[PDB]
Each structure stands twice: as structure tokens, then as C-alpha cells.
Amino acid sequence: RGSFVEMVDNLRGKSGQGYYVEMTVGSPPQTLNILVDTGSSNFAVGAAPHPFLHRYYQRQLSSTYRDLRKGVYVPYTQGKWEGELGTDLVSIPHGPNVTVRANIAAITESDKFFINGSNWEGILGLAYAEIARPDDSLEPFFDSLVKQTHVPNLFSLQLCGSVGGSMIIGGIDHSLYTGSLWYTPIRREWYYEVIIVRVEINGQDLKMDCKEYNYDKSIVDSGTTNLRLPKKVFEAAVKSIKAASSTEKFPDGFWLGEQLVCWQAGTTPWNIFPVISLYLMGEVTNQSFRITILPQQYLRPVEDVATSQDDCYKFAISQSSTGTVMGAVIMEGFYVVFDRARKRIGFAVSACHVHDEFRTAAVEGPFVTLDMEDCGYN
Ligand SMILES: Cc1cc(C#N)cnc1C(=O)Nc1ccc(F)c([C@]2(C)Cc3c(ccnc3F)C(N)=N2)c1
């Protein structure tokens, strides 16, 4: 408890391509880099030589492999993957010293799933069984891990933004944060669902029915880059961000993520952009707390741009039909504790978050907020 030096810095990535941990499948162990995804619940790995893959699960080489003789087909709005279900021995080299028998979807066909140039070959769904495919009887990896060993039912994520980070499995590491952890209830165990009760752009409230903020869902998701916001809320949100920053002009496409915006190197006017604050439901009736992110978090360097030589960024707040998504834009500001045992998520200021000399990411409380139960959709 309190320090897990083995697990510090166990995450790698490329800006915009996600955070991956090293894992091993089968006996003898096959090493794979695996995307850490709190927005899904399947452990799914490449199992065939797709050209984009550095490597893939070779079931034939594993003595400990077992067929479940059952397929799984998983469509997304952007592409898909299809696989064959089995179980095998799984471990995490830079995690706890255990080996568990977990479900594995051996991916045999896919579209727009693997990324050309990426260095991961699978995905670790860390959310709950309810949203597992094909259904909730397929036990997620973390459930298997907790049932089969003495690892405490919790994990924490420090996403640092070559990006890096830590996934502390079974605990919390106090070197990864400063100040205090503040906790928000997990509303329901399917996604990591939470409730936003108030939004401030630059200290100024948006004065929307808070029900909208969570229409139809608000989730914490390490498998999404953006802060995604319901359309009605996104509309009001950028209306206010536009106004805060009208000191300089940008095409209406930029706010829609249809175009990048560039400045001369080291010339980004961060200060013309407002801090963003979400107030989250607290542990106590009528008590909330507030997390504050910087434009550093929502204006994202796009490095791979050959038509330019400047500092070009993407506005990483975007509209959504599935609810608020608190992606890497949010998580990079904070140490995030997925306290599954107590059905809550903790936020603290990350020791690694990107901050200039004038503004810093913040987690503050307590605040008095009435009628927070009304902010959740039914
Ligand atoms: C591009 C990327 C950037 C960051 C950063 N920084 C983190 N993750 C990814 C990424 O490539 N995730 C990903 C890829 C394929 C998937 F199939 C999913 C799913 C399973 C499906 C998914 C998700 C989110 C949004 N719509 C989806 F279709 C999600 N959380 N999980 C996520």
C-alpha cells in the first residue's frame, strides 16, 4: 500500500494513439503491448498477421490455451473487430506478481481497429461485465484478476501526455499526485459512469440544467482522446469558449475539429484560452468538488503534419450522441483512482500534468451543490 515502484512508468504511447501496458499471454509467455481502455470490457488481442501489427497472439504456441468454441463480433461506429473466444494464462510483467486465467478474444478479422504505425496489438477493457461482448457472462480481465488472487479491487491511472504514465494495479501510489484525492460515486457499474453537476468556463457557470451534462451518460474513458460533450452542452460550451477567446479569430471549422490551427513555434496564446471546470457529485449529500483543466489539455499538438512547419493543434473538445466522455483531455490533468471496491472514482492533481507558470490543473472542495441527484438521466 502507498508505493508500487515496480508499476511506476509502466505505460507508454504516442500522442493521440493511446496508452498501452505490456502484458503476457499463454505458456510460455507471449509479450504484447496492450491499450489501457476504461471505456470497454473485453480483453481482445490480434491473433493473426495483420500488416500493421508488430506481433500477435499465437494460440498454437501456448500449452495453457483453451477454446471456448464461440465467436464474438464487435462493431463500432468507426470500424470493427471480430474474434474467437478462449482463456489462457495472463500476466503483467510491470504489475503485480501473479498469473491469472482470463478470457481472451483472439481477433481474427478487423476494420479500422488497429492503427498503422501504432505500437500496440490489443486492448484491455477495464470497465464492467455489463458491457462485455457478447454478454455479461464473459468475465472481464480485472474481475478475473481480483477473484483469482489477493490483488485489492482497485487500479489507478496516471496519464502523463512519446507520452508515458503509470497503471498502479491493486493500489495507489502517493508519489503520483499532490494534494488530496476527491471522490465521485460510480453511478452504475457498466462504464465508469459519474455525474457532472456544474460546468464553469473560466469561473463562469454555463447555467444549463445539469441533466444535460449527463445526457444520456457521463463516463471516464482512457480509450478516448477527447473531452466529448453532449451536443446541446457542447454548443453552449464552445459559445462561451469562443467568447473567452474572441481576442483572436479562428475559422468555425476549427471549433468543429474539421481543421487544425497553427501558430509559430512557442507562440501559442494559452492565456487567451479559459480554464475548464467540471464539478462532480461528491461522497456526501449536497457536497461536490471541482476539477479544473488547462488549454494544455484540450488543445492537442498534432505532430504528424507534413503540409506545415508550425505548432499545429487540434481543439479536443467535441460533440457527442453518447454522453459526456472524460477522455485523455481530462485524465492527463489528474491521478485517477478507480476505486471499484467502494464504487467510486478519485481525482487528484497529477504530479506529471503539463502546466505553464501562470495556471495549474486543480482539484478543490468541498462545494455546496443542491439537487445533484436530478443531474443524472433516466
Ligand atoms: C486513438 C486513441 C487515443 C487515445 C488517447 N489518448 C486512447 N485510445 C485510442 C484508441 O484507439 N482507442 C480505442 C480503439 C479501438 C477501440 F475499439 C476502442 C474501444 C473498444 C471502442 C471505442 C472507445 C471510445 C470511442 N469509440 C470507440 F469505438 C473505447 N473507449 N474503447 C478504443
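- Going by what the PDB entry lists, the protein chain is known as Beta-secretase 1 and is assigned to Homo sapiens.
- Turning to the protein chain, the UniProt annotation filed under Sequence similarities states: "Belongs to the peptidase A1 family."

### Here we look at the pattern of salt bridges
Phase 1: Under the definition given, this model contains 14 salt bridges.
Phase 2: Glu121 is the salt-bridge partner of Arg55, the closest N and O atoms lying 2.7 Å from each other. One end of the pair, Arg55, is in the loop between β4 (43-46) and β5 (66-75); the other, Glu121, is in the loop between β7 (100-111) and β8 (122-125), and 66 residues separate them in sequence.
Phase 3: Owing to a relative accessible area of 28%, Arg55 belongs among the partly exposed residues under this scheme.
Phase 4: Judged by relative accessible area, which is 0%, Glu121 ranks as buried.

### Considering the site of the ligand
Phase 1: Close to the ligand lie 16 residues, the nearest being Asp37, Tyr76, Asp221, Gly223 and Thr225.
Phase 2: Measuring from a nitrogen atom of the ligand, one finds a side-chain N or O atom of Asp37 at 2.6 Å.
Phase 3: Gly223 has a polar backbone atom sitting 3.0 Å from a nitrogen atom of the ligand.
Phase 4: For the ligand, the protein covers 79% of the area, taking 640 Å² as the surface of the free molecule.

### Some details on the sheet that holds strand β16 (residues 261-263)
Phase 1: The three strands are arranged β16-β20-β19 in an open sheet whose pairing can be described as antiparallel. Every other strand in the sheet has two partners, leaving β16 and β19 (299-301) as the edge strands with one partner each. Pairwise comparison of adjacent strand axes, ignoring direction, gives a mean angle of 40° for this sheet.
Phase 2: As paired elements, β16 and strand β20 (residues 311-315) share three bridges and run antiparallel to each other. Looking at the pairing, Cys262 lines up with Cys312 of β20.

### Some remarks on the state of the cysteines
Phase 1: Overall, the coordinates contain three disulfides when judged by the stated rule.
Phase 2: Between the sulfur of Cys160 and that of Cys352 lies a disulfide, 2.1 Å long from S to S. Across the S-S bond linking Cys160 and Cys352, the dihedral sits near -100°, which makes this disulfide left-handed.
Phase 3: Here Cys262 is linked by a disulfide to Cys312, with a sulfur-sulfur distance of 2.0 Å. Note on the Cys262 and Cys312 pair: the S-S dihedral is about 100°, so by sign convention the disulfide is right-handed. Placement of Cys262 in strand β16 and of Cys312 in strand β20 is noted, with a sequence separation of 50 residues between them.
Phase 4: Judged by its relative accessible area of 4%, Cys312 falls in the buried class.
Phase 5: In the protein chain, the bonded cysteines, taken in the order they occur along the sequence, pair up as 1-5, 2-6, 3-4.

### Concerning the environment of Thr178
Phase 1: Mapped onto the secondary structure, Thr178 falls in strand β11 (residues 177-185).
Phase 2: Sequence separation between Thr178 and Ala341 is 163 residues, and the spatial gap between their C-alpha atoms is 23 Å.
Phase 3: If near-sequence neighbours (up to four positions away) are discounted, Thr178 is found in contact with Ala348 and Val349.

### Description of the domain arrangement of the protein chain
Phase 1: Parsing the protein chain into structural domains produces domain 1 (19-151) and domain 2 (152-378).
Phase 2: One C-alpha centre belongs to domain 1, the other to domain 2; they are set 28 Å apart.
Phase 3: Taken together, the contacts link 20 residues of domain 1 with 26 residues of domain 2.
Phase 4: Of the roughly 2,000 Å² buried between domain 1 and domain 2 on both sides combined, carbon and sulfur atoms contribute 63%.
Phase 5: By the criterion of area lost to domain 2, the three top residues of domain 1 are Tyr19, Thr38 and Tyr128, representing 40% of everything that side buries.
Phase 6: Between domain 1 and domain 2 we count two salt bridges in total.
Phase 7: The partner of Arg188 in a salt bridge is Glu130, and the shortest N-O contact between them spans 2.6 Å.
Phase 8: Viewed at the interface, domain 2 and domain 1 are joined by 11 residue pairs in polar contact.
Phase 9: Within the residue set of the side of domain 1 that touches domain 2, elements represented by two or more residues are β3 (30-37) and α1 (141-148).
Phase 10: The greatest single-element share of the side of domain 1 that touches domain 2, amounting to four residues, is contributed by α1.
Phase 11: Broken down by class, the residue content of the side of domain 1 that touches domain 2 amounts to 12 nonpolar, five polar and three charged.

What counts and what doesn't
Residues numbered from 1 in each chain as written, not as in the entry; some residues may be left out. Heavy atoms only, no water. Residues with missing side-chain atoms left out of burial classes, pairs and counts. UniProt positions renumbered as here; feature names shortened; annotations may be inferred. Salt bridge = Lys/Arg side-chain N within 4 Å of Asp/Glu carboxyl O. Helix = DSSP H or I, 4+ residues; strand = E, 2+ residues; numbered from the N terminus. Buried < 20%, exposed > 50% of the residue type's maximum accessible area, 1.4 Å probe, protein only. Near = heavy atom within 4 Å. Polar contact = N/O pair within 3.5 Å; in protein donor to acceptor, adjacent residues only side chain to side chain. Areas by Shrake-Rupley, 256 points an atom, 1.4 Å probe, with all protein chains shown as cover. Pairing = 2+ DSSP bridges. Axes fitted to C-alpha atoms, helices over the stretch in contact; angles between N-to-C directions. Disulfide = S-S within 2.5 Å. Contact = heavy atoms within 4.5 Å. Domains from an automatic or database assignment. Buried area = accessible area lost by both parts, 1.4 Å probe. Nonpolar A, V, L, I, M, F, W, Y, C, P; charged D, E, K, R; others polar.

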